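Considered here are two forms of the same protein chain, supplied as structure tokens in two stand-alone entries, structure 1 and structure 2.
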Structure 1
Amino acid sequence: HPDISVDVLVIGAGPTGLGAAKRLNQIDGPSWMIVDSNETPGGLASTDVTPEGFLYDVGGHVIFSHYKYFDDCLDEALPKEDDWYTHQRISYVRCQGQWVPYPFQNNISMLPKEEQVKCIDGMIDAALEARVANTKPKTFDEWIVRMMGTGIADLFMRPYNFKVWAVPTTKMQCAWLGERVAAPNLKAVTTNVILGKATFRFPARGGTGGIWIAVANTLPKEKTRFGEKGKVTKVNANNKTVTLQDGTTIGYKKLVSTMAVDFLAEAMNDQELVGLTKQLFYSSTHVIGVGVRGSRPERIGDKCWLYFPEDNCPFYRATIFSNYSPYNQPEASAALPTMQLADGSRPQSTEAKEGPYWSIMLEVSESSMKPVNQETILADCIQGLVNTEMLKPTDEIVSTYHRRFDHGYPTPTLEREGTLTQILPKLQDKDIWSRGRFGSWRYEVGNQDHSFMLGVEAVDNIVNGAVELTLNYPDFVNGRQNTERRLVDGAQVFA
């Protein structure tokens, strides 16, 4: 008999695993335990802090929630109104000196007139083709052109997605975008050209990763195992037993694995699965943070992401992270020396001066098809912020952050579903629910609300026979209000 024995074992305490844990803890039926190699729960949804006191999310923030169950877990973890800030859900595209509001096509009235013509002409061609279309598009690129036409495709969605995915649009599938038919709204785009013409909540303290620390605090501490004591090293699927760094063995009846599915295959010493997982493609992500002295720029004022399709900066999206919360960066009274100016030069005084401060966060993608010079990427990003007029050449940088995440994005390549329906059934037959951004490799359910629910539904499947709707039918869950599953169900009321 092994060291510890449980019914369902949860590996990993990012959002997926915490979902699995929260539902196991709600049901309070089968015994369970959650393990993670990091002392701090939250996975890639965590928040780092520089030596100078600037916070940086690793893996974005939730701008829309699809599940009342997700909301119920957040409300429990952070229950006071002074725990959250409310911001308008907006975003902009940086295109030819302009900040073009989202969605890009409804705002091309900001571009030069001659360029509007090329855009509308392309969309007319798409609209007429769409009138006689009788096939689904097969590649992401096909989807883009059928939706936007060539003009708008080339200005934003084509170059932007190469910077994001680090593979061409011609090599990616498009089922992941949803079942909305790939046609343009010519009347809307043209009308806005002719005329010349909804919130989210963010944690007040802790950054996004503070949510998951708070959520994890609701679990019984004795049923958790975080840090070096809980790193998994071997998974023996045949004896349903897991071995840890310190040699502790955990036997299970059913297993929810949240770790990257290729790492699971390596830890299983299963060469069939290793061969399969190596067919999956992914990009790595450089997260770069820049802390600046001063008040923020006038023209980049609200709490959003910014998209950069153009060649004059390495990053694909940036956010003025200091707008999300005053607690993401130091008080103005804190004294910090200027490390450098934005143009690259050393400062006048190395004296520690007061604030106030603001903060920019960037993302650069890397893959085998788009390599990245690691030694210059931070400087190249800072130059890009000067090129996009987000920093003046004279701005004082007081903090820099740069971390590289090997598994950044799971790529929706053409080959992905073919590979994945060989992997997930094979692990299913061994009683392993591999779920998550990299547990099941589907980006379109890979943000925080979807990932959290992948783990809830996986447990709901193990105990209560529920359908894994998020795992298998994203457009279904994304197209409805999921109000049925709640943190207090009938099952708990009736006891």
Structure 2
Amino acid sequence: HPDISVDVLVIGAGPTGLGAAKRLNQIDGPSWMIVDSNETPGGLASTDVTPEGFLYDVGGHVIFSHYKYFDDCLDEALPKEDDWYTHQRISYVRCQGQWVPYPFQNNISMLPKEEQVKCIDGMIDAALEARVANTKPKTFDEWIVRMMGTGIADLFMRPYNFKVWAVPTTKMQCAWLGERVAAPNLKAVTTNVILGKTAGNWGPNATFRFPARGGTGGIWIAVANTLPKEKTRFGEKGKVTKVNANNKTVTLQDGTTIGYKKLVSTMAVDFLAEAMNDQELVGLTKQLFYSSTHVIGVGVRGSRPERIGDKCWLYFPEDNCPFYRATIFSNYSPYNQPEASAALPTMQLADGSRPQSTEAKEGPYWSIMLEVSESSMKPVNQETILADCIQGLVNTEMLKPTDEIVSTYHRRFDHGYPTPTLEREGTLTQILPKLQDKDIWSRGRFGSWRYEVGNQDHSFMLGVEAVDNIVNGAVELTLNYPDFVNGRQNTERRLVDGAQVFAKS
């Protein structure tokens, strides 16, 4: 007999595992427990802070929910109006020394005239070929060219995506992008070129809220706080080292054993295979591909410069900087960095030189958060990446050479993005059912490896839905039908369902 026994064991307390926990806690039927190797829940949705008091998420994290259930849990956890700030998405693409509103491909109207001609010519070819097309594109690259034309492909789509995915567009599928990549209408784009107009509102994150305190990580700490503490195990005491699928037994690092009837595993599925010592699974998970994410944080002295303004996040397709994206993280909440009265010495000028004075001085302060991808196809020099980022900020005019930097942050996250490669699905339809036969629900950003349902809300609901399938025979809709859930408001499942209303009488 094992040390502990539960009907449902949840591994991991990022958004996916917490979703499982929350639904299990609502149903309040089967016994359960949730473990995490980190004392602080949140996973890639966590927040670090520098010794100087600057917060950094794991890159730009902006919340946009497709589900009422997710909203219910966030509102429960952070119930007050001043727990949140609401912002409009102000996003731009750095191109040729200018800021082009997102989406690029719908704002051709802002480029030099010569490039406008190239882009519109390319789009005209695309439109005429689309008129007679009777086959679907097979690669991301093919998709880009069919919907945007070469001009736009070559100018922004191709270089930016290599810069983010860390694999060429020719290596990825295209079934995943309905809600990620705006497809330009020929007439609309041409109309804006003629009028000199802009169109900055495409997409599900055009308006967003952000937690007042603790960064994104504050959400998941507060959500975890609503769970019964005795059913949790976070820290070194909660680290899973072995999974024995056949005895339905999990062994923790400190030697504790947990028996289960059903397993919801939210750790990276490649790690789960290793932990299962299942050599067949190990070989299959090695057919998946992922990229690593470097997060660089820069704290800057001064009131927010006019050139920065209300910008939220920014795209960089060009070669004068190594990052693909920057976030004005200090725009998301005044508690993301120190108050103006805080005294801090300058560490360096943006041009790389030493400050004229070592003396601690006051603020105010603003804050830039940068992302750089890495993979076997796109290596990164880890030793110079911080300095390269800072020079890139100067190159792109986001920082003046004489700006004073008071804090720096750099952390590499090994599993950053699960890549939608051509091979992804053929591999997953082997992996997931094989795990499913053993009563293991592997779910989440790396649990199930599907980026198109890979944000905080998708993840949370993958966990909720896994439980709902285990207990109530529900369809796992987010897992198997991303386009279905992303194309509708999912209003039906609530934190208080009829089951609880009727039970309370």
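For residue numbers, the reference is structure 1: its sequence is counted from 1. Each form is matched to the other, and the largest set of C-alpha atoms that superpose within 1.5 Å is called the rigid core.
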Taking the rigid core as reference, which of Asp121, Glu415, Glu179, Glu354 is displaced at the C-alpha by at least 2 Å between structure 1 and structure 2? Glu179
Could you check how much the CA of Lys303 shifts between structure 1 and structure 2 after a rigid core fit, in angstrom? 4.8
Following alignment on the rigid core, what Cα displacement (Å) is computed for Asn106 between structure 1 and structure 2? 1.9
Would you mind giving the Cα movement of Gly29 between structure 1 and structure 2 in Å, after fitting on the rigid core? 0.6
